[PDB]
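Before any questions on binding or motion, here is one chain by itself as structure tokens, the form deposited in one PDB entry.
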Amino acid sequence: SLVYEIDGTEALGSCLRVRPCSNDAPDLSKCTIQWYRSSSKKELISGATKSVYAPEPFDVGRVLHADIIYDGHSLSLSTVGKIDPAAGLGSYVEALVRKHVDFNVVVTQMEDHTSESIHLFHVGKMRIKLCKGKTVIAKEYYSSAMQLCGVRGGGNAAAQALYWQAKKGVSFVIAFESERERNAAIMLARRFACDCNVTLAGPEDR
């Protein structure tokens, strides 16, 4: 008997979680979970396979859904309404878009990586670069090989982390000081990429 519901604040900046609603609902770790966003179709969010999903900028104004599957039974869930905007985000991105801009970050994957070393994540008009002091870690011009999106798993920092695949086989997970910086960096990168005729999105995004 599959009975679950999506809980959490339905706005950019928070996390949503599937929660059990009955005593005999199997544990979610034994289920297969897949998150989707409405387009009247639903589009799969690739890699969003955990019981927690943090919305990112593409999710704003969309209903989110989770399918949960166990042993041939399935249940399709939806948020109460569309994911709301983050207050002030548009205006902040508009101020950043005039500039040719960097963010303090921590790198949490390149394999796991626990460092308190602050790196700088430069989102430029034509390229992104990741630096630790004077050492450049990776530097790439916007292209079809690059992906950039909100991270698709759990953890307390998911709403403030993004995934960047610089080019095939080279990817990072990066965490910002706040949700607002994380989201502004995704929106800004995407806008600069679109000016360069590149559609910068996460793996399999539509």
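Rigid core (definition): largest C-alpha set, two forms, superposition within 1.5 Å. Residue indices: 1-based, along the sequence shown.
Separately, the form deposited in another entry exists; it is not shown, and the next lines address it.
Q: Spell out whether the Cα of residue 22 moves at least 2 Å between the shown form and the other one when the two forms are superposed on their rigid core.
A: Yes; residue 22 is a residue whose C-alpha shifts (by 2 Å or more) between the shown form and the other one when the cores are overlaid.
Q: Taking 2 Å as the cut-off, check whether the CA of residue 153 shifts that much or more between the shown form and the other one after a rigid core fit.
A: After core superposition, the C-alpha of residue 153 moves 2 Å or more between the shown form and the other one.
Q: Superpose on the rigid core, then tell me if the C-alpha of residue 73 is displaced by 2 angstroms or more between the shown form and the other one.
A: Comparing forms between the shown form and the other one, the residue 73 CA shifts at least 2 Å.
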